[PDB]
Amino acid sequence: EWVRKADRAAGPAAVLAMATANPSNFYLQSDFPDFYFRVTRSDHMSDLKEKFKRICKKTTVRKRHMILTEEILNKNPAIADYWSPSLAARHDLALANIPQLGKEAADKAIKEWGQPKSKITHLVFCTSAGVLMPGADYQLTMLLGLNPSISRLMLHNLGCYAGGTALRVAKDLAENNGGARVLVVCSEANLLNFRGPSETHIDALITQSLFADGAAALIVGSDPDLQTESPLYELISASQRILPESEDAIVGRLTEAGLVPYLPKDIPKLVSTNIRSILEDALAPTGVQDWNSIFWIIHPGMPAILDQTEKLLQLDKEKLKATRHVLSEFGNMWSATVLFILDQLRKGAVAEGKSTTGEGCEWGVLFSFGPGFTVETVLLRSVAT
């Protein structure tokens, strides 16, 4: 049937602008083992340093931007310890850095959007870098000077999959509210996860070689005014799922010493078992038969998952090109990573001169994962260039 439009939106939610940002300080992966084991006063565990050398090189990561410098770690030595009371000091750094880093990505995205900031009616903010009261959603509202009546959603500590959660949330906000313009900001950092090495906890050490800082920002709206606004993608469907037989696969305890992770169950085998059934369910209303006829955004939380999925569905090596570029150039930035990849994919399609923002393909899938074991899946539709 047909319903009265009233105050709701007509068409599907669309990505209207994107931008990213990182702290200025970065670390090359080739130099990181020496720096890490030095500032964490840990040069004596030489056998662990060799293990970290091997782990860091299999990450296929080149550089990672980080708020934490040697000087900051020197004035907060408990953060460099493997396990010492440091939460309040980490949260002071989060208050001084997380909303500000999110404003840098938001400013660029609003600049590309072209419309006034007073047209932003909703704000979705994801971060696992610090629990703040009021949250970083409020701090960004003040720094940007957004409307005091903005409808905000603060998402604390959902994990690495929250990039898909933010897209899933913004979709419902924009499609159900006429004229709604949703600012999406994922601002992440290692302020809660960074700690010294332990020969006992190799899970925590492995995460020290991938996690990095960064912030992504989007403008999501339905019914775009095509004379002033330019859509980049369409959010057609977004769903969440808990993988079967995956209890306590990823657990992160927030303690007096910050965020401590635990990864007992095998993650790549869990994704490899379910990846096909999930993505086929997402592509069901599209009629796509070739896995290589769509563009891809996979959360590079574990690079081995990129390789095994590339093999299992027999993808062109160029399909995951934007995914591996962000991983190589920026590392794992929690929820911001998949939005970084969506922007790099957009830029690469425009640069190499292809017909669609989705590298010439019409449909695309976004897939991230985290504690649950939770899987977030989004079906995207590209636009002509």
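We number the residues from 1 along the sequence you see.
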item: Residue stretch of maximal mean CA temperature factor, 17-25 vs 359-367; value: 359-367
item: Higher-B stretch (mean Cα B-factor, as the entry records it), 307-315 or 98-106; value: 307-315
item: Highest recorded Cα temperature factor - choice among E352, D343, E329, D31; value: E352
item: Top residue by Cα temperature factor, when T165, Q227, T121, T127 are compared in the entry; value: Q227
item: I67, C-alpha B-factor rank within chain (lowest, middle or highest third); value: lowest
item: CA B-factor ranking of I206, expressed as a third of its chain; value: middle
item: Ranked against its chain, the third holding the CA B-factor of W334; value: lowest
item: Lowest, middle or highest third - CA B-factor, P134; value: lowest
item: Where the record places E247 (Cα B-factor, split into thirds across the chain); value: highest
